[PDB]
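The chain below stands alone, shown as structure tokens; this is the form deposited in one PDB entry.
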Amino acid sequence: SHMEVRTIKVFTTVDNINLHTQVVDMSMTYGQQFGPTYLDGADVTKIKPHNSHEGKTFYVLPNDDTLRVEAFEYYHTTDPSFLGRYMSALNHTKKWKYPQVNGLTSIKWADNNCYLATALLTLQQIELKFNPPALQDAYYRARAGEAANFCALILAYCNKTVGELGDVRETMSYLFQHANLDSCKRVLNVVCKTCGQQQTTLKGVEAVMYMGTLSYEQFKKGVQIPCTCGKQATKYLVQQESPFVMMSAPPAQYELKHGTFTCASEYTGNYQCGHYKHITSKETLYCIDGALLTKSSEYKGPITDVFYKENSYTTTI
């Protein structure tokens, strides 16, 4: 009747660093013993242990106080589905290719990941330190060329699944949310001919992102925005303290000039499907399109996001 019990030792984890010794019954599934369980991204919840599994590390969900703390300390989230979504993505991104293109880690196109490739390429050209150890650790590996965990983390943090259409501005917003931008400061002035002037200070992520124009110069000169009185008012940059700025707008034909920006994202398509490309300004203009690379002296296209170097700026207005 009853089969002789066989067991193996395995380790469970939520961060792949702190291991937790377990003894599993090879006649029960992982799911029956751990809840949802993953082996390097693969869902083994419904798998019964193999001898080859002995000594291997499995991710589980934070189901006790020790794992909850380890997971928060490593990822800076308490979203219950986070680890599941991170493993589900990782099962895909570990099969993506990450070619070095013009010295930067890119991503060969798959699974609508073009927005991720230009986000990744952008990160490697701006000064940014992540706060979660998971992002620090994974970004370091991504810079070295092994970007699978980093890309799966971006998907998890953004609540995007592999293959879902993503927006670069929104993705960067999530990444900046988890970065140290505390010393970034922006002072704006808005001037209405009827209502007068109103100055506003922004900090952190809101200090480095602007939605409305791609041109940093235009933002220094002034952009027209609605005023509550019904007139159009003029908003201009008074003071900026940050290592970069990101200027974003709905996709519009726009000319990129060598040496006047750091990098940019281009979006061809519509609200339901499209394709992002990346433009970086080095010795010439390089267009990185996943694994593909072209160059040109001028660039014009439907640009959505442009990144600029900064340190300290003060208006003369």
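Between two forms, the rigid core is the largest collection of C-alphas that superpose within 1.5 Å. The first residue of the sequence shown is number 1, and the count goes up from there.
Peer 1: With the rigid core as the fit anchor, does 185 to 193 or 207 to 215 show bigger C-alpha shifts in 6 other deposited structures of this protein?
Peer 2: Output: 185 to 193, the stretch lying farther off on average in 6 other deposited structures of this protein.
Peer 1: C-alpha RMS from this form in 6 other deposited structures of this protein, rigid core superposed: larger for 286 to 294 or 28 to 36?
Peer 2: Looking at 28 to 36 and 286 to 294 in 6 other deposited structures of this protein, the bigger mover is 28 to 36.
Peer 1: Using only the Cα atoms and their B-factors as the entry lists them, report which of 129 to 137 and 233 to 241 averages higher.
Peer 2: It is 233 to 241 that shows the higher mean C-alpha B-factor.
Peer 1: Mean Cα B factor from the PDB record: higher for 11 to 19, or higher for 295 to 303?
Peer 2: Here the higher of the two C-alpha B-factor means belongs to 295 to 303.
Peer 1: Would you mind finding, among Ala117, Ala179, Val208, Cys195, the residue with the largest C-alpha temperature factor in the entry?
Peer 2: Result of the comparison over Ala117, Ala179, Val208, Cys195: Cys195.
Peer 1: With respect to the C-alpha temperature factors reported in the PDB entry, which of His50, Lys282, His275, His278 ranks highest?
Peer 2: Among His50, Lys282, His275, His278, the PDB entry lists the largest C-alpha B-factor for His50.
Peer 1: Within this chain, which third does the Cα B-factor at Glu266 fall in: lowest, middle or highest?
Peer 2: Its C-alpha B-factor, which the entry lists for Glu266, ranks in the lowest third among residues of this chain.
Peer 1: Taking the values exactly as deposited, rank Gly290 by C-alpha B-factor within its chain and report the matching third: lowest, middle or highest.
Peer 2: Tercile = lowest for this residue's CA B-factor.
Peer 1: Using only modelled residues of the chain, where does the Cα B factor of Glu170 rank: lowest third, middle third or highest third?
Peer 2: Within its chain, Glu170 is a lowest-third residue by C-alpha B-factor, going by the deposited values.
Peer 1: State the tercile, meaning the lowest, middle or highest third, of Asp79 with respect to the CA B-factors recorded for its chain.
Peer 2: Its C-alpha B-factor, which the entry lists for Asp79, ranks in the lowest third among residues of this chain.
Peer 1: If you rank the chain by CA B-factor, which third does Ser27 end up in: lowest, middle or highest?
Peer 2: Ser27: CA B-factor falls in the highest third of its chain.
There is also a form solved in complex with a small molecule; it is not shown, and the following applies to it.
Peer 1: Hey, in the deposited bound form, does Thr12 get a heavy atom within 4.5 angstroms of the small molecule?
Peer 2: Result no; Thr12 lies far from the small molecule in the deposited bound form.
Peer 1: Could you tell me if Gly41 has a non-hydrogen atom within 4.5 Å of the small molecule in the deposited bound form?
Peer 2: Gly41: no, not in contact with the small molecule in the deposited bound form.
Peer 1: Quick check on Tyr276: any heavy atom within 4.5 Å of the small molecule in the deposited bound form?
Peer 2: The answer is yes: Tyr276 has a heavy atom within 4.5 Å of the small molecule.
Peer 1: Evaluate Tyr267 for contact with the small molecule in the deposited bound form, applying a 4.5 angstroms cut-off between non-hydrogen atoms, and reply yes or no.
Peer 2: Yes - in the deposited bound form, heavy atoms of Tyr267 and the small molecule come within 4.5 Å of each other.
Peer 1: Any idea which of 28 to 36, 248 to 256, 279 to 287, 46 to 54 reaches within 4.5 Å of the small molecule in the deposited bound form, heavy atoms considered?
Peer 2: Looking at the partner contacts, the answer comes out as 248 to 256.
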